[PDB]
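# Survey of secondary and tertiary structure
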Amino acid sequence: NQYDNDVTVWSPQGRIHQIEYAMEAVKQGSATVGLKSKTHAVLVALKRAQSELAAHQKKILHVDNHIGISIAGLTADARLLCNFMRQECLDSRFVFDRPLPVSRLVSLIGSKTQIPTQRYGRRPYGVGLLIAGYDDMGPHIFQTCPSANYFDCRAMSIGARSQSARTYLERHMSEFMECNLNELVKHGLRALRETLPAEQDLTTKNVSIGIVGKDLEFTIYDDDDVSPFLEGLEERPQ
Amino acid sequence: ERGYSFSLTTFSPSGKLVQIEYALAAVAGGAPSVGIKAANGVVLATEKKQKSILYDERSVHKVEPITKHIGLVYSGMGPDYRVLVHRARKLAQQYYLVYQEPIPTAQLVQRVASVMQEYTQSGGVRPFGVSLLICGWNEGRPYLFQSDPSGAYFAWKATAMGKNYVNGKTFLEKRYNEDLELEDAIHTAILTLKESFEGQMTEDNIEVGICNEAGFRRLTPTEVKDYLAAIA
Amino acid sequence: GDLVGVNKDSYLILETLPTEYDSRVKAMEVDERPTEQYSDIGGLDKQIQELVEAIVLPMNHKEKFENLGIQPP
Amino acid sequence: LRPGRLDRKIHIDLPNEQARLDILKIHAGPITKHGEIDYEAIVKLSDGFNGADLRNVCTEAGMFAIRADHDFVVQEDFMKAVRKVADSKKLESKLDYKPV
Amino acid sequence: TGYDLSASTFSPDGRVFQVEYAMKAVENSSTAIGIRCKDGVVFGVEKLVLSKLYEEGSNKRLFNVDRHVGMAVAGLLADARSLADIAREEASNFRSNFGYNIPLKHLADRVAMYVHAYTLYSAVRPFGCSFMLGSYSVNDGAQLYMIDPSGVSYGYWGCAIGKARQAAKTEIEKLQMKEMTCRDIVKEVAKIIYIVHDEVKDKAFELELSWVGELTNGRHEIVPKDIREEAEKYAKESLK
Amino acid sequence: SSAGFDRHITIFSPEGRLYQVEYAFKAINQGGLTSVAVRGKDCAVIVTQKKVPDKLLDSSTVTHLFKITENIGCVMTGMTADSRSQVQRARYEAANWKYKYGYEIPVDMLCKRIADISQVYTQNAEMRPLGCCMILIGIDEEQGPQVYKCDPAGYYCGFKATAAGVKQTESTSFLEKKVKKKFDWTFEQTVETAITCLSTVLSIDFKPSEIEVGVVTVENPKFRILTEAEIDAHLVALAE
């Protein structure tokens, strides 16, 4: 246990336990699911409430006109990487007068989170970024980790009981290319409803959906314009 | 580095400094040496043993000059000696650039020990493990000073450091006296060096430097072999 | 260094006893013979091989070693 | 340890390269093999081994031959056995001691 | 224990365990091998598909430092992208100051000193990466280098990094290497990956191949992979 | 005994020792290597074997003989990564002597610069003391050849013939019986003793491939690494 204190100290087995503890901090946040078609990229999030009178903590946040991210884990590491994220987008907008491609922006994040995972007295960033956007060659769904291993995926889910969320995806991943937005979105929120207890699903207070498209800027809906998407659903069987 | 800067030497609950006491133990296990101030110049003598027959003797030196009238020997560990030599070499020059005048022997010991005392109080370093003996015939009367890793300094008529330094301390108290000459001082300096040395004493077993009012001078192994007649 | 049965009065050897051991040693003998057939243990198939190669085969096939003719481990 | 009770102190050490070659030729005596044996490449990978370690290499190389039921011994079973036995010497240390 | 915490303290027998721990952290990763023919260097990296886990083409461990210099990393992944950023940065300063392409002998030495520098202080840890360096030049030939986490850097004709290291290099020396052309070697490297790593450990695996040499005019690029497809066809002839 | 943190960092023991530096002297011995230096009347000879355990491992990238300047060569023992980083310290400060002072650096003045650097590793208590050893040769004007040695403790002294590596106590016991019995040293007299001292300690009678010989002589002051052909010429020369 004495070698499980600092980030610098290697293990005699060869596993730095501080990163392995930061993976547990991602699993405490609420679940969220992102996916993409050939022409669209939709990520759906789930909110929680601290109490009944308290409002629900928001998950999806706009970054640029095509890039928007989801969140899991801490909230200080959320806004600290968010301020770095908005900064880098408008810099290349100021310098090259073009939007950043999604892939090489995420490579800047893995370089950013690398230094506090190696030097002394610095925690890793407990964070669960799911990233969606357009470069010039279509939609992209990315996920990160506190170990800074970014993954070019097609559908993932991170947070609390995303174990069941992943299982729904591969038995419908072949359908996720030809279908358009009206059933692409409600394919995604059929995956959130198994990350839940069997008595509440989506009652217009805890779900948000962000869509980026070809002729579509990244748009976030919340609890009032989500209601057109929440119709046309079957209940959970038993 | 990072900026830790914390001193690793603190007080004991008894009220002592433990690491300085441990550094003096490394001085006492050093090579023996002796220095005698007798009324016209100062005689320094060390005890240089090559551990094998393969070593070169004209390469590594013990009696080391600082100015043309200031010499300096030690008893402690080898590599830490060469640090504060080069420090004291440069420190004698800023006196000479300012004042255009050769630095007095009391003036180095004010300044060399101030380097050495502050170095113990500073953060994240051990003290030195070297005691010194400093000589010089400044303004007629010669001088003989002794510093230590505790930062202090003294002024001896004749003293000895290294191994068996208390045995040569009793030897110098009986054999030496108030006044002598330079040639008598070398005779008793070898006599206290022969007290604790090995069997054969040649031109390479010992190495002797002297001060005069004509200046600091280091003896070659020819005359040391020549003075080795009527040994001790 | 043998254990023999001797008459009390005449002091004469009358029996040869089998040698007995310490009482703590006799507790170490196994008499239950449990059952833990190899299907119960899963995911350790390479280690099951290298145990059987080392121990079970010298217990059974002495000739397979001696035809190559070296040693058991 | 004073002389008179224990007179002469005889020192036994780890085998040299010729000595690792000779011990390997000893334990490779009664092995049904083929005429392909480079002993020199085995000793070149052999460093700091015991005499019992080279006994183990001759033991393990036969165990590769009992695998797939080849009663002969090929040369390539040895270099697998050398890398296995030298792998197991990540568990031992402090083998030298000063005399007396 | 008691001496294995920092990377600035020696053990009482004369080594540093923090470097020793990070070496076998590289050992737990999958197998990446490398080999050179007489006019080129061929890379080959086994990549494991877990269940789906990515769009195929994600996070390939065959990086690209310079126009004529390539990587083949293994071990930890995030620090390997850090060393790629150091090596791309170092080759740019040689271009700017000295006006021509970086020799592979210097590029190995400048990186290995940087890897060495994190093994001396208690403030930072040693790297958990190991990799390869392949290049080609008409004035130099084909060179292949190799860097451990401790910082030892020298040459090879062939090497292997990963779990299968000693078991994977036994069949590398079985080949001929001098007289071969690298296009023959491209279908050779496929079978060494395909022989090792039985699907008992992981059912799904996938092969990448990178390739620099005389046919590629000194420039480094990936193989035509979906094109010509003679890796997997010639490798699956190892059925008996 | 242990007191405070004497077993861990560079502080003094109660006895006056300090253990981290004398842990570093047996940090050399894990290299498994022995170097021998012999100075003669007008020549100086370095001789050191190498071990090449793999056929895939190259031949030119192994040699510890490191040309510092045109007139000064050196050999390295101890671990490899600490040895190479020691060399570019020596290459850098040899060039600074030419820029600051014009003329060529002596071989003795360089070992003052190295050992004062290696002092600070011992002297400060937050940095690792670089467990490798240093051996130089060179020709001086009006002084002939020289042989020096630097240490991780940071002290230097000249020699006449002195080995390093693992087998000092056997080689120096051989050379003391060899030097002092009134031997006149020609060129080949130094070379034949340089092989046969190592050939009796290790008891090999080697092929001409394992060893390397660096040489310097006052007829050609350039540092020179021999070729295996002329190594074989001197090797059969002592084979009467």
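Every chain's residues are listed with numbers counted from 1 in the order the sequence is written; these need not match the entry, and residues without coordinates are not shown. Going through the entries in the order they are written, you letter the chains from A and number the ligands from 1. Shown here: chains from a larger assembly, with each value referring to the shown part only. Based on all heavy atoms of the structure, the side-chain values leave hydrogens and waters out of the count. Residues with missing side-chain atoms are left out of burial classes, side-chain pairs and their counts.

Every helix listed is a DSSP run of H or I at least four residues long, and every strand listed is a run of E at least two residues long, numbered separately from the N terminus. Within chain B one finds 6 helices and 10 strands. All radius of gyration figures rest on C-alpha atoms, and the globule criterion is 2.2 Å times the number of residues raised to 0.38. Whereas a compact globule of 232 residues would reach a radius of gyration of roughly 17 Å, chain B reaches 18 Å, a difference of no more than 12%. For chain B, the spread of C-alpha atoms along the three principal axes comes to 60 × 45 × 40 Å. We call two residues contacting when some pair of their heavy atoms lies within 4.5 Å. Sequence-distant contacts in chain B: of pairs separated by 6 or more residues, those separated by 24 or more amount to 66%.

Further remarks concern the state of the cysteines. In this description, the term disulfide denotes a pair of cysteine sulfurs within 2.5 Å. Enumeration according to the criterion identifies 1 disulfide over all chains in this entry. Between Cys-89 of chain A, a free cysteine, and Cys-82 of chain A, which holds the nearest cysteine sulfur, the sulfur-to-sulfur gap is 9.7 Å. By relative accessible area, which is 4% here, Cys-89 of chain A ends up buried. Free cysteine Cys-129 of chain E: the closest other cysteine sulfur is in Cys-145 of chain A, separated by 14 Å. Here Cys-129 of chain E falls in the buried class, since its relative accessible area comes to 4%. Exposed residues in this analysis have more than 50% of their type's maximum accessible area, buried residues have under 20%, and partly exposed residues fall in between, with area computed by a 1.4 Å probe over protein chains only.

On to empty space enclosed by the protein. Residue and element names in this part refer to chain A. By volume, the second largest cavity is sized at about 100 Å³. Counting residues per element, the lining of the second largest cavity draws most heavily on helix α3 (residues 102–112), which supplies 3 residues. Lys, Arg, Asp and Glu make up the charged group, whereas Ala, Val, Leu, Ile, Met, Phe, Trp, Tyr, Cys and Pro make up the nonpolar group; the residues left over, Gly among them, are polar. The class makeup of the residues in the lining of the second largest cavity is 10 nonpolar, 4 polar and no charged. Lining residues are those with an atom within 4 Å of a point, where the points come from a 1 Å grid over the protein atoms alone and group into cavities, where a 1.4 Å probe fits but cannot get out, or pockets, open sets with protein on both sides within 12 Å along at least five of seven lines. Grid points are joined across faces, edges and corners, and a volume is the space filled by probe spheres set on the points.

For the rest of this paragraph, the subject is the interface of chain B and chain F. Contacts between chain B and chain F engage 27 residues on the former and 31 residues on the latter. For the side of chain B that touches chain F, the secondary-structure elements that each account for two or more residues are α1 (18–28) and α2 (78–99) of chain B. In terms of residues, the side of chain B that touches chain F owes the most to one element, α1 of chain B, which gives 5 residues.

Salt bridges, as used here, are contacts in which a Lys or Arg side-chain nitrogen is within 4 Å of a carboxyl oxygen on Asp or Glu. Across all of its chains, the model carries 31 salt bridges over all chains by this definition. Among the salt bridges present, the one from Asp-80 of chain B reaches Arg-126 of chain B, with a minimum N-O distance of 3.6 Å. You can see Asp-80 of chain B sitting in helix α2 and its partner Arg-126 of chain B sitting in the loop between α3 (105–121) and β5 (130–136), a full 46 residues away along the chain. Neither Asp-80 of chain B nor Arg-126 of chain B differs from the other in exposure class; each is buried. Residue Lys-191 of chain E pairs with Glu-188 of chain E through a salt bridge whose shortest N-O separation is 3.9 Å. With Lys-191 of chain E and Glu-188 of chain E both in helix α5 (residues 182–195) and 3 residues apart, this pair spans about one turn of that helix. Several salt bridges share partner residues, and in doing so they unite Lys-187, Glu-188 and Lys-191 of chain E into one network.

Listed as interface residues are 5 residues of chain D and, on the opposing side, 6 residues of chain F. For the side of chain D that touches chain F, the residue count by class is 1 nonpolar, 2 polar and 2 charged.

When a strand is regular, its side chains alternate between the sheet's two faces. All names here are of chain A. One ladder, built from 4 bridges, connects strand β9 (residues 207–213) with strand β10 (residues 219–222); its direction is antiparallel. Within the sheet, the bridge partner assigned to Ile-209 lies in β10 and is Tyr-221. Strands pair, by our definition, only if DSSP identifies at least two bridges between them. As consecutive antiparallel partners, β9 and β10 are separated by 5 residues.

The subject of this paragraph is unusual backbone geometry. All names here are of chain B. Even without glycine at this site, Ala-39 takes up a positive phi of about 65°. For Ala-39, the location among the structural elements is in the loop between β1 (33–37) and β2 (42–47). Owing to a relative accessible area of 55%, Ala-39 belongs among the exposed residues under this scheme.

Residue and element names in this part refer to chain F. The antiparallel open sheet is built from 5 strands, whose spatial order is β3-β4-β5-β6-β7. The open sheet has two edge strands, β3 (66–67) and β7 (157–158), and neither has a second partner. With 7 bridges connecting them, strand β5 (residues 134–140) and strand β6 (residues 144–150) associate as antiparallel partners. Counterpart to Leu-136 in the pairing with β6 is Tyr-148. Axis definition: a line fitted to C-alpha atoms, limited for helices to the stretch in contact. Angles are taken between N-to-C directions and run from 0 to 180 degrees. The strands touched by helix α3 (residues 107–123) within the sheet are β5 and β6, with β6 carrying the most contacts at an inclination of about 10°.

Residues and elements named next belong to chain A. When α3 is considered as a whole, its buried residues turn out to be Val-102, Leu-105, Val-106, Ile-109 and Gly-110. Along the long axis of α3, the arc covered by the buried residues comes to 150°, so they all point the same way. Contacts made by the buried residues of α3 are with α2 (76–95), β5 (130–135) and β6 (138–143). What the arc describes is the spread of directions from the helix axis to the C-beta atoms.

Residues and elements named next belong to chain E. Throughout, nonpolar core names a set of buried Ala, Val, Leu, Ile, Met, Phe, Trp, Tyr and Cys residues whose side chains join them through atoms within 4.5 Å. In this structure, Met-71, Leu-83, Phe-131 and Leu-133 are the most contacted members of the largest nonpolar core, which totals 25 residues. Those elements that provide at least two residues to this core are β3 (69–71), α2 (78–98), α3 (104–116), β5 (129–137) and β6 (141–147). When residues no more than four places from it in sequence are discounted, the contact partners of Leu-133 are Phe-43, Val-69, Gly-70, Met-71, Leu-104, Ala-108, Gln-143, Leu-144, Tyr-145 and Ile-147.

From the geometry alone we can't say anything about function, so treat these as descriptive.
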